[PDB]
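Residues per chain are reported as follows:
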Amino acid sequence: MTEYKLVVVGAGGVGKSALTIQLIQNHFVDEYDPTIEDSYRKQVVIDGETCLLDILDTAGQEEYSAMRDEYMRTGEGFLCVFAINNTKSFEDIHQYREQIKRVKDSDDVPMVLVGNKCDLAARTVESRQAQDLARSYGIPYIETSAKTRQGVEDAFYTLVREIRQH
Ligand SMILES: Nc1nc2c(ncn2[C@@H]2O[C@H](COP(=O)(O)OP(=O)(O)NP(=O)(O)O)[C@@H](O)[C@H]2O)c(=O)[nH]1
Ligand SMILES: [Ca+2]
Ligand SMILES: [Ca+2]
Ligand SMILES: [Ca+2]
Ligand SMILES: [Mg+2]
Ligand SMILES: [Mg+2]
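Residues numbered from 1 in each chain as written, not as in the entry; some residues may be left out. Chains lettered and ligands numbered in written order. Heavy atoms only, no water. Residues with missing side-chain atoms left out of burial classes, pairs and counts.

J.: Whenever I open this one, the coordination of the magnesium ion (ligand 5) confuses me. Can you help?
T.: Coordination of the magnesium ion (ligand 5) by the protein involves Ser 17 (OG) and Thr 35 (OG1), with metal-donor separations of 2.1 Å. Of this pair, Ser 17 sits in helix α1 (residues 16-25) while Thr 35 is found in the loop between α1 and β2 (37-46), placing the two residues 18 residues apart along the sequence. (Donors = N, O, S within 2.8 Å, 3.2 Å for Na, K, Ca; no water. Helix = DSSP H or I, 4+ residues; strand = E, 2+ residues; numbered from the N terminus.)

J.: I would appreciate a short explanation of the sheet that holds strand β1 (residues 2-10) in the present structure.
T.: Note: strands within a sheet are paired through backbone hydrogen bonds, in either parallel or antiparallel orientation. Taken together, six strands build an open sheet; the order of strands is β2-β3-β1-β4-β5-β6 and the sheet is mixed. Each end of this open sheet is capped by a strand with a single partner; those strands are β2 and β6 (141-143). Pairwise comparison of adjacent strand axes, ignoring direction, gives a mean angle of 25 degrees for this sheet. In the packing of helix α5 (residues 127-137) onto the sheet, the strands contacted are β4 (77-83), β5 (111-116) and β6, and the crossing angle to β6 comes to about 145 degrees. (Pairing = 2+ DSSP bridges. Axes fitted to C-alpha atoms, helices over the stretch in contact; angles between N-to-C directions. Contact = heavy atoms within 4.5 Å.)

J.: Help me out: how do you make sense of the packing of α1 against helix α6 (residues 152-163) in this one?
T.: Any two packed helices are characterised by the angle at which their axes cross and by the distance between the axes. Their axes nearest at 9 Å, the elements α1 and α6 cross at an angle of 90 degrees. Between α1 and α6, the angle is such that the two are roughly perpendicular. Residues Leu 19, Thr 20, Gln 22 and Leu 23 of α1 lie in contact with α6, whose contacting residues are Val 152, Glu 153 and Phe 156. Of the residues belonging to the contact of α1 with α6, the class tally is four nonpolar, two polar and one charged. (Parallel < 35°, antiparallel > 145°, perpendicular 65-115°, else oblique. Nonpolar A, V, L, I, M, F, W, Y, C, P; charged D, E, K, R; others polar.)

J.: Where do I start with the UniProt feature "short sequence motif: Effector region" in the protein chain in this structure?
T.: Listed under "short sequence motif: Effector region" in the UniProt record, and renumbered for this structure, are residues 32-40. Between the first and last C-alpha atoms of residues 32-40 the distance is 18 Å; the span itself is 0% helix and 44% strand. (UniProt positions renumbered as here; feature names shortened; annotations may be inferred.)

J.: Help me out: how do you make sense of the packing of aromatic side chains in this one?
T.: Two numbers describe a pair of aromatic rings. These are the distance of the centres and the angle of the planes. On inspection of all chains with the given rule, the structure shows two aromatic pairs. Both rings, one in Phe 82 and one in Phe 90, keep their centres 4.9 Å apart while their planes meet at 65 degrees; by these two values the pair is edge-to-face. A residue is classified by how much of its surface remains accessible, and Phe 82, at 0% relative accessible area, is buried. With centroids separated by 6.0 Å and ring planes inclined at 10 degrees, the aromatic side chains of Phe 82 and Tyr 141 adopt a geometry described as stacked. Of this pair, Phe 82 sits in strand β4 while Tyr 141 sits in strand β6, and the two are 59 residues apart along the sequence. For the pair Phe 82 and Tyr 141, one class covers both residues: buried. Among the aromatic residues, those joined into a cluster by ring pairs are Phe 82, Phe 90 and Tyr 141. Here the basic side chain of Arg 97 rests over the ring of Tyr 137, its NZ or CZ set 4.1 Å away from the ring centre. (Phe/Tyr/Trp six-rings, centres within 6.5 Å; stacked < 30°, edge-to-face > 60°. Buried < 20%, exposed > 50% of the residue type's maximum accessible area, 1.4 Å probe, protein only. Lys NZ or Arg CZ within 6 Å of the ring centre and 35° of its normal.)

J.: So what exactly am I meant to see when it comes to the pattern of salt bridges here?
T.: For side chains of opposite charge, pairing can occur when their charged atoms come near one another. Here the structure, examined in full by the defined rule, presents eight salt bridges. The shortest N-O distance in the salt bridge between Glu 49 and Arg 164 comes to 2.9 Å. Linking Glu 49 in strand β3 (residues 49-58) with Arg 164 in the segment after α6, this pair joins segments that are 115 residues apart in sequence. What makes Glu 49 partly exposed here is its relative accessible area of 26%. Among the ionic pairs, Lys 88 bridges to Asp 92, the shortest N-O distance being 2.9 Å. (Salt bridge = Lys/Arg side-chain N within 4 Å of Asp/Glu carboxyl O.)

Okay, structure coming up:
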């Protein structure tokens with residue numbers, strides 16, 4: 001089968017782990033345990049193709065971010081995650097994209113911009129603002145909620161479909 005190595009990056013607390021665990025294990029992690037570097041593997045059929053997904057869940061907390069660049073280096077596609085109720089996390093996306101470019105030594109790496117926590121109403125990043133950022137990078141924007149499952153499969157499968165175009 002075909003293997004896709006996906007890496008999930010973004011600021012601390014935006015929901016990278018909750019998204020990944022919802023996809024892989026079908027439950028919502030309510031507590032906040034900061035991640036160092038975790039890996040998940042799942043065989044899934046995506047558009048009629050049996051896929052092996054290797055998903056790297058990375059640290060967003062600066063204190064835990066040692067060697068994150070060495071993990072990111074291995075990725076074939078990246079979910080760049082911010083939270084729609086965390087303006088700073090959205091502003092931080094620029095720096096994650098720059099890090100991705102640096103570690104892949106490429107200007108056109110498969111990526112999807114993900115606005116997570118879309119179940120929450122304290123929105124400070126409007127959809128149009130994120131759409132514009134994604135457009136500037138030439139990538140899709142998708143909103144998700146790790147809590148309700150909204151958009152979760154769509155985000156990860158869209159990333160696979162982006163890898164397939166490159
Ligand atoms: N309402 C809501 N809460 C969410 C959502 N995603 C994550 N959370 C909550 O936000 C907190 C942080 O989630 P977590 O997945 O640990 O974030 P992270 O990006 O992996 N953090 P780190 O970078 O430190 O590893 C948790 O309390 C989690 O339940 C979401 O879509 N909706
Ligand atoms: Ca739970
Ligand atoms: Ca480099
Ligand atoms: Ca593109
Ligand atoms: Mg985490
Ligand atoms: Mg505003």
